[PDB]
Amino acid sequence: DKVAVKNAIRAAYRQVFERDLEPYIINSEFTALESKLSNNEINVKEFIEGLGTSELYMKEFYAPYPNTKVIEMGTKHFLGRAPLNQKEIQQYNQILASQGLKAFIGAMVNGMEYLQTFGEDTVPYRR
């Protein structure tokens, strides 16, 4: 039950950030979400969205890389698969170009494929 959340918190940090985050990095932006997830006030999907919309995520996977890698990184993180094709990429690039990062992040986590593949209480994984 609590170990069940415990599993997810960790699970989702490695999925998104590819690493286990240090307590203080958590203390910076994830204190609320962990609690909500813990207190059963938000689901995994939501917590996974707190991640993509985190500032740490933009630093970690946007600040460095380019539009193509930014996008390549996101599909593998939130959809657990590479981009379907340049098309989806161009399709994705425009999201960014018009509403920014969060936009992009939301289009996947709030998408049908995501909802059908993972649901709301399942952490994305490489499919």
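Numbers follow the displayed sequence, beginning with 1.
Notebook entry, point to check: Going by the B-factors listed in the PDB entry, is the mean over the C-alpha atoms higher for 9 to 17 or for 102 to 110?
Noted result: In the deposited entry, the stretch with the higher C-alpha B-factor mean is 102 to 110.
Checklist line | Greater mean Cα temperature factor according to the PDB record, 61 to 69 or 81 to 89 | finding: The deposited B-factors put 61 to 69 ahead on the C-alpha mean.
Item checked: Maximum C-alpha temperature factor, selected from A32, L96, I26, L56 -> That would be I26, according to the entry.
Next item on the list: Comparing against every modelled residue in the chain, figure out the third that the C-alpha B-factor of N40 lands in (lowest, middle or highest).
Entry: According to the entry, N40 has a C-alpha B-factor in the chain's highest third.
Next item on the list: Check where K2 lands among this chain's C-alpha B-factors and tell me if it's the lowest, middle or highest third.
Entry: For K2, whose C-alpha B-factor we compare with every modelled residue in the chain, the answer is the highest third.
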